[PDB]
Structure formats: C-alpha cells, structure tokens
Amino acid sequence: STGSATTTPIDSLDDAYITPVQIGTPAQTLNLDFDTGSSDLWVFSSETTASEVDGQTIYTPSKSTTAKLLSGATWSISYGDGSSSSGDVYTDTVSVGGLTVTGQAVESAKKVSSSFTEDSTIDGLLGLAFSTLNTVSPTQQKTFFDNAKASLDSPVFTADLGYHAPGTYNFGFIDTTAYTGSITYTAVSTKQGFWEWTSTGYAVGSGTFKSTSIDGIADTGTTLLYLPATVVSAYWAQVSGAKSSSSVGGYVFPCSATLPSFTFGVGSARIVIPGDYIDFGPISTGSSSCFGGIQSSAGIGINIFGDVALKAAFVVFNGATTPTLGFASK
C-alpha cells in the first residue's frame, strides 16, 4: 500500500504545516502537524477542557463506531519549546492520503497548553519519530508509520515541504518526479529516538565550504534551523546590522537586508537554503527588525534541522531495519 497527502503552511511565514487526517468511522477529518521529532498522535477532542479549545476541530470518539477506549492508558508530553498536552487514549482507524491503519492509538487531549489553544489551525500532532519516544503509559504505543510499515510497498515516508506553498507527505514510495539529481543517503542513529544524522559541513552564501561534523535531527515539527553558535555567528556576520537580541530571544536583522543562502552537507552532496527561506519577518507588526530563521542551538542540547532546512530538500525517512535519511535537491 501507499499514501499521499498534501501538507499546507498554517500561515504566511511557514510557521508549521498541516496535513488532513481521517480518524474514525464515519471519518472525522482533523488537520494535524506531522512531527518527525516526536512519537505521539494526539488530537483536540470532545474531552479537551472547553476553555482550552479555541477554533480547533475536535475528535469525538463517541461518534466513531470503530473507537475503543484503551483502558487505563494515559499520556503526557512536554515539547522542547515548553508546550505540553496530556490525556487518555482510544484506538481507532486512521487514514492519511488513502493509507489506512486500523487499531491506531489516538491520544485524546484532556489538557493542552496555551500555545496549542492559541493556534486555531492545528488540531493535533502526528508523530513520526521512533516509537521508543511514545509517551503512552503503562503500555507504550506505536506511531502511525510503525503500524503502517509492514503493509507499505517500501518501508519509507518522504517529506517535501513547500516554501510559502503546499507540499507533500508520501508513505510507501519515493516519487522520482519530485526531486532533481540523485538522493544522497546518510546514516541515522536511533539511540535518542530521533531521526538523528551527521551533516558534513556548511557554507554561507558564496563562501567556501567548511568541512565539519554537525550531529542533529531531521524535525518537521520545528520551524527553524538550530545549529552550533559558531556556525550561526558565521552566518549572521554576513548580514549588515544583524545581532543576537536577548530581549527578542535570538538573532534579528534589518528588514531591509538581502539574506545570503546557507548550504549544508549531506555526505559529499550539498543542500542550498535560499536566503529568503531564512526571513521570518518583523519581530512585531510594523517593526523594521526581522527575525532570523537560523538560530543557535546552544542550550537546546541538540542541533535541529527544522523546516527551514528540510523545505529546501526532498527528504526520505527510510524506516528499513537499519534506518537512513536521504536528501535530494528539488
């Protein structure tokens, strides 16, 4: 089997991407944030504290003939950005882009933190990291991909995120028309439960490539590119007036600037992030200070190849017995 679904930016900055997902019988379609940095499929629901729902579409398990309470199971997750959610668990039928999993754990939120409430466009998350990170207790649950894998034509999914435009998540096949040149594959460590890999270096604009190993994660659920302070300083030093602002919480730059590209290495291959992808616009409405899309990972504890990086590539998440990651230009 295969599936193919369009993913759409939630706003004009590509802050996140939503993908329609069918849950239950008859189908309830919710728009979920596909997150290769976590491993819980959780939704706003009829059980979510009413004051914490503001515009989201909810899953109502009592209206699904295929929903079953997973008795005794609870979940609770805290994300790197300080947001969180928790609740109980149902199993139900879940379909993405025509690919159907029966008995998928659907984690129903009883509570969500303010950042989730405030984002009316995101009805929940669909985790695509390794199932070892799943938070369901006392019986850990599998991700949608893990459940689907054996039925897939090939044990892969691909992320093809758009810049200020829709893109695609495919399951079970590699669309050879969706990228240019060849796909370069690179080793993955699953030791921390992430799609963790090592970039071979970087360049800033038309500058020379610096060969250096940068361990990090491929994370569709993080907006920006978070890299070591040395690398980030070298990038922003090429933008007149750019500076790190403790008050704003990262690097800002004059909105009048033209940003240089940023290149990262995948083996001997190179992925080029155009400068425009690194512009996240005014820090506040009407400001002439703009927020940068490359930020320091210092004190996150991990480097994160988030959407800024991933949307410059066609990315293969290869879930074979020994997982790997593939990157192609597009």
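Coordinate-derived values only; no laboratory data. Positions of Cβ are generated from backbone atoms using ideal geometry, with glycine treated the same way; all protein chains shown enter the neighbour counts.
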The rounded separation in angstrom of the Cα centers of the stretch 268-299 and the stretch 73-106 is 31 Å
For the table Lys63/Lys110; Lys210/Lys243; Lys111/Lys311; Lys110/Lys149, the rows whose alpha-carbon distance is greater than 25 Å are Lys111/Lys311; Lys110/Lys149
Length gained, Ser4-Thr65, 0.36 nm per residue minus C-alpha separation, equals 19.4 nm
Hull volume per residue for the stretch 114-237, using the convex hull of the C-alpha atoms, in Å³ is 193 Å³
In units of 2.2 N^0.38 Å, the Cα radius of gyration of the stretch 5-174 is 0.96
The exposure ranking of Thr324, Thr135, fewest beta-carbon neighbours within 10 Å first, is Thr324, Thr135
Between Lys330 and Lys110, the two model label points (7 Å from Cα along the beta-carbon direction) sit apart by a distance in nm of 4.0 nm
Log10 I(q)/I(0) at q = 0.07 Å⁻¹ for the chain, from Debye over equal alpha-carbon scatterers, is -0.28
With label points set 7 Å from each Cα along the Cα-to-Cβ direction at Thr177 and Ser51, the distance between them in nm comes to 5.2 nm
Taking a crude spin-label model, label points 7 Å out from Cα along the C-beta direction, the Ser84 to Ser233 distance in nm is 3.4 nm
For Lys68, the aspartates and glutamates lying under 16 Å Cα to Cα, once residues fewer than eight places off in the same chain are dropped, come out as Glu47, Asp88, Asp92, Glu107
Once normalised by the length of the stretch 5-174, the mean sequence separation of its alpha carbon contacts under 8 Å that are 6 or more apart gives a contact order in percent of 28 percent
Quarter of the surface of the C-alpha convex hull for the stretch 175-330, i.e. direction-averaged projected area in nm², equals 9.8 nm²
Inter-part gap, Cα centre of the stretch 31-67 to Cα centre of the stretch 189-266, in whole angstrom, is 33 Å
With a Förster distance of 35 angstrom and the Cβ-Cβ distance between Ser288 and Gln192, calculated FRET efficiency to the nearest 0.05 equals 0.30
